[PDB]
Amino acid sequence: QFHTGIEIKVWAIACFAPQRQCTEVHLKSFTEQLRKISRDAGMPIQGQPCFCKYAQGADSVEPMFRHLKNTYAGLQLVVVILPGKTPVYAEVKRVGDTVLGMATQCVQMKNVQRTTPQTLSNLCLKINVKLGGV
């Protein structure tokens, strides 16, 4: 079930959670915790995303994903932080899967604000399934 040989060197964060709820330090904390667990599991995600920006609303998804595709050669993944149930999820999947062919992984804001080994493990397993056997 689990894939070896994944190395995620070029990846982006698109934060659809409001900055006042999911701060720069929450993003840095979450990213560092994800770096360490993904590494321990032999699917290392490098500590520094090439891009980390806030956006709001489903209409921002296509412009930002077009920008990412146009700017970052060898981009392997966009981690999308969502604030609860939101039409932004459907739009991220429409643009990523059907328009631009860009791998995306969505995560709940509450799991970025406060991490646990179990929820970082849940996320690594979803990423592994996506980026494994390409």
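Heads up: residue numbers just count along the shown sequence, starting at 1.
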| item | value |
| --- | --- |
| Stretch exceeding the other in mean C-alpha B-factor - 40 to 48, 75 to 83 | 40 to 48 |
| Third of the chain, ranked by Cα B-factor, where residue 105 sits | lowest |
| Chain-relative CA temperature factor third for residue 115 | middle |
| Where the record places residue 64 (Cα B-factor, split into thirds across the chain) | middle |
| Chain-wide C-alpha B factor ranking for residue 31, given as lowest, middle or highest third | lowest |
| Third assignment of residue 21 from its chain's C-alpha B-factors | highest |
